[PDB]
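In order, the protein sequences belong to chains A and A'. A prime marks a further copy of an entry chain. With the entry's author numbering applied, the first sequence corresponds to residues 2 to 217, in that order. With the entry's author numbering applied, the second sequence corresponds to residues 2 to 217, in that order. Contents: one structure, followed by commentary.
Protein chains: 2
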Amino acid sequence: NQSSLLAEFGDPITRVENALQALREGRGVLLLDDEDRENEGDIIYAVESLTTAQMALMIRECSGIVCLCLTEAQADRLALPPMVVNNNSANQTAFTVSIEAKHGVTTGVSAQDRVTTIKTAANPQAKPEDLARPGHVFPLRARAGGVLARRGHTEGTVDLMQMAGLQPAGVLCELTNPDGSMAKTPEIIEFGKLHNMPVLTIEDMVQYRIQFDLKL
Amino acid sequence: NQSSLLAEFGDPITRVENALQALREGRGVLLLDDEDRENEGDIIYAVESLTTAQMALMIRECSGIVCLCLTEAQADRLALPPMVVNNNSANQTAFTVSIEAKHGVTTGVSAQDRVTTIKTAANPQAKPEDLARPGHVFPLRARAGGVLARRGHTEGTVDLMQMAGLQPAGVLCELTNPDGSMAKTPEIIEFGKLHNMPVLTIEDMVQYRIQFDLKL
Ligand SMILES: O=C(CO)[C@H](O)[C@@H](O)COP(=O)(O)O
Ligand SMILES: O=C(CO)[C@H](O)[C@@H](O)COP(=O)(O)O
Ligand SMILES: [Mn+2]
Ligand SMILES: [Mn+2]
Ligand SMILES: [Mn+2]
Ligand SMILES: [Mn+2]
Ligand SMILES: [Mn+2]
Ligand SMILES: [Mn+2]
Numbered sequence: 002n003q004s005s006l007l008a009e010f011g012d013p014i015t016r017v018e019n020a021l022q023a024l025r026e027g028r029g030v031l032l033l034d035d036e037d038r039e040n041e042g043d044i045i046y047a048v049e050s051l052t053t054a055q056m057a058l059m060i061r062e063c064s065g066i067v068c069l070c071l072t073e074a075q076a077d078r079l080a081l082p083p084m085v086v087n088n089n090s091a092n093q094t095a096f097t098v099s100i101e102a103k104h105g106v107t108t109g110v111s112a113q114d115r116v117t118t119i120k121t122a123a124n125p126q127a128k129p130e131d132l133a134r135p136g137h138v139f140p141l142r143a144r145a146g147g148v149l150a151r152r153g154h155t156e157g158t159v160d161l162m163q164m165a166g167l168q169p170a171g172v173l174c175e176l177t178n179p180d181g182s183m184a185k186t187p188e189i190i191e192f193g194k195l196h197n198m199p200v201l202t203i204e205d206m207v208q209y210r211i212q213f214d215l216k217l
Numbered sequence: 002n003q004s005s006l007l008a009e010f011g012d013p014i015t016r017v018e019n020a021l022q023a024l025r026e027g028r029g030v031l032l033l034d035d036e037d038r039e040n041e042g043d044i045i046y047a048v049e050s051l052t053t054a055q056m057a058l059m060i061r062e063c064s065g066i067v068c069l070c071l072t073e074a075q076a077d078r079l080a081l082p083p084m085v086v087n088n089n090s091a092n093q094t095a096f097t098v099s100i101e102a103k104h105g106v107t108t109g110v111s112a113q114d115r116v117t118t119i120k121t122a123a124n125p126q127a128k129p130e131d132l133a134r135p136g137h138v139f140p141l142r143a144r145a146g147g148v149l150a151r152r153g154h155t156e157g158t159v160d161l162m163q164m165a166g167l168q169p170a171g172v173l174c175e176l177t178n179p180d181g182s183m184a185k186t187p188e189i190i191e192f193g194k195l196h197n198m199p200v201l202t203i204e205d206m207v208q209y210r211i212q213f214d215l216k217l
């Protein structure tokens with residue numbers, strides 16, 4: 002079973018603390034959602050320490066639809082409307098219009114360019130004119146309340162950043178197997194060991210956030 | 002120089018004929034745009050022969066923002082508005098709202114699911130309700146006139162399909178190097194040799210289309 006597989010990484014509280022510490026150190030983590038939701042694991046990085054090398058890893062090992070988790074306030078500051086008025090996708094992932102930095106990029110799609118775009122968008126001083134639309138970076142609006150309101154990787158990302166004491170902006174993308182199938186827990190665990198990334202679940206985060214009276 | 006590098010693949014007319022034949026056979030090709038435009042090479046596949054294995058290759062070797070080139074008529078049939086009213090991106094790539102099949106997929110992001118979504122969308126009998134929005138497939142509207150009107154990989158794709166006698170729907174995605182940089186001509190040539198894919202340029206196509214009085 003899943004929790005038995007993850008025991009390696011420690012019990013739920015340890016799995017959360019280790020993830021937060023990795024983020025504080027500028028490393029990435031792997032977040033699994035509920036087995037009866039997507040049963041998918043996303044690579045998560047903090048934006049403020051994001052490197053080209055981390056983005057290149059995300060592009061070659063994940064779906065390549067690298068998303069930028071933003072707060073509602075930041076998405077509003079950037080004047081980023083939802084991509085679709087009536088989102089009728091299964092999970093209602095809160096995709097905004099896609100974005101590209103106006104300055105400092107070429108075609109927008111290289112690892113370096115995506116990082117430039119992401120840092121431009123996450124800048125607390127950012128203005129809407131800093132971003133062209135559409136582009137190769139896919140911002141998302143996190144629900145107020147984080148994983149205590151919606152148990153998606155989007156909310157996982159913002160909560161991890163806030164709980165680690167970091168700026169509330171992160172990047173995420175679904176870990177994909179070489180044959181195009183999506184990674185499941187055994188592959189995610191092995192990837193985490195290979196790349197020295199902690200693994201944790203949304204459930205771990207919800208338990209942690211509820212037990213430590215953590216309002217963010 | 003570039004044309005010297007591509008001489009291996011034949012002269013421009015041969016490069017076009019070989020690409021068309023590969024597509025007719027159900028294989029992929031590599032299309033370079035102008036050196037003073039993106040100077041990027043995209044993998045291109047015909048939709049009607051698209052396999053999970055071809056999509057998996059695109060995801061692991063390219064940007065992972067796998068696009069679906071549609072005619073304006075097909076995009077209209079699907080009720081796919083442009084993602085942004087005033088596209089202010091550099092190349093004005095005609096991204097529609099992103100899509101996911103309503104039926105036959107799980108999370109939409111696996112290689113198989115993206116193919117399911119693409120075939121659902123490309124179906125000449127498709128209806129708007131067949132697709133949820135947003136999703137993990139990124140349709141584009143090709144300009145009327147193809148590469149004789151706009152010299153983008155979008156138009157390259159639709160023109161290759163029409164000239165090969167295939168349904169005018171293809172998938173495309175930018176070839177990316179392992180370190181996250183974008184592949185340039187030497188890397189594209191080597192990739193084409195490895196995967197037995199023909200390489201050609203948009204210029205090749207424009208010359209071919211103008212000399213063979215090819216109205217599509
Ligand atoms: O699932 C995804 C997209 O389909 C990715 O993990 C990310 O974009 C967050 O989305 P979320 O898990 O919150 O729905
Ligand atoms: O460049 C791209 C996106 O940035 C891709 O090749 C494709 O989506 C077609 O776009 P195009 O080359 O026609 O602008
Ligand atoms: Mn481009
Ligand atoms: Mn997810
Ligand atoms: Mn609480
Ligand atoms: Mn998803
Ligand atoms: Mn292109
Ligand atoms: Mn003509």
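In this text, a Cβ means the ideal position worked out from N, Cα and C, and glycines have one as well.
Spatially closest choice to residue 191 of chain A from A:23, A:129, A:30, A:18, by CA coordinates: A:30
How is residue 210 of chain A' classed by DSSP in three states: helix, strand or coil? helix
Runs of 3 residues minimum, wholly inside the region 110 to 156 of chain A': which ones carry the beta strand (DSSP E) assignment? 132 to 142
Is residue 141 of chain A' near ligand 2, going by C-beta to nearest heavy atom under 7 Å? yes
Within the same chain, show all residues whose beta-carbon is closer than 8 Å to that of residue 110 of chain A, passing over the 5 residues directly before and after it, in chain order. Within the same chain, residue 110 of chain A has close Cβ partners 137.
Uninterrupted alpha helix (DSSP H) stretches inside the region 45 to 114 of chain A' (no shorter than 4 residues): Listed in chain order, they are 53 to 62, 73 to 78.
Element boundaries [alpha helix (DSSP H), containing residue 21 of chain A']: 13 to 25
Would you call residue 98 of chain A buried or exposed, if buried means 16 or more other Cβ atoms sit within 10 Å of its Cβ? buried
Limits of the unbroken beta strand (DSSP E) element including residue 202 of chain A: Membership of residue 202 of chain A in the beta strand (DSSP E) is indicated by the continuous run 200 to 202.
Under 8 Å, Cβ to Cβ, is there at least one residue of chain A near residue 48 of chain A'? no
Separation of residue 74 of chain A from residue 142 of chain A, as counted between CA atoms: When rounded, the distance between both Cα atoms is 9 Å.
Closer than 7 Å at the beta carbon, the chain A' residues around residue 180 of chain A: 57
Under 8 Å, with one C-beta from each stretch per pair, do the region 59 to 74 of chain A and the region 172 to 182 of chain A' reach the 3-pair mark? yes
Buried versus exposed, by CB contacts within 10 Å (16 or more), residue 90 of chain A: Counting Cβ neighbours within 10 Å, residue 90 of chain A comes out buried, since at least 16 surround it.
Just to confirm the assignment, what range does the alpha helix (DSSP H) spanning residue 193 of chain A' have? Boundaries of the alpha helix (DSSP H) around residue 193 of chain A': 186 to 196.
Just curious, the alpha helix (DSSP H) that residue 7 of chain A is in, first and last residue? 3 to 7
Residue 288 of chain A' versus residue 54 of chain A': straight-line alpha-carbon distance, rounded: Here chain A' covers residues 2 to 217 and nothing more, so residue 288 of chain A' does not appear.
Is the Cβ-Cβ distance between residue 203 of chain A' and residue 148 of chain A' less than 8 Å? yes
Three-way DSSP call (helix, strand, coil) for residue 205 of chain A' in this model: Three-state result, residue 205 of chain A': helix.
What residues from the region 117 to 139 of chain A come within 8 Å of chain A', judged by C-beta to C-beta, listed N to C? Within the region 117 to 139 of chain A, the residues whose Cβ lies closer than 8 Å to some Cβ of chain A' are 133, 134, 135, 136, 137, listed in chain order.
Residue burial classification, residue 105 of chain A' (beta-carbon count within 10 angstroms, cutoff 16): exposed
Would you call the region 150 to 166 of chain A in contact with the region 64 to 73 of chain A, where contact means no fewer than 3 C-beta pairs closer than 8 Å? yes
By the DSSP assignment, the beta strand (DSSP E) with residue 167 of chain A' in it spans what residues? Looking at the DSSP string, residue 167 of chain A' is not in any beta strand (DSSP E), and its letter there is neither H nor E.
What residues of chain A' sit near residue 113 of chain A, judged by a beta carbon separation below 8 Å? 181, 182
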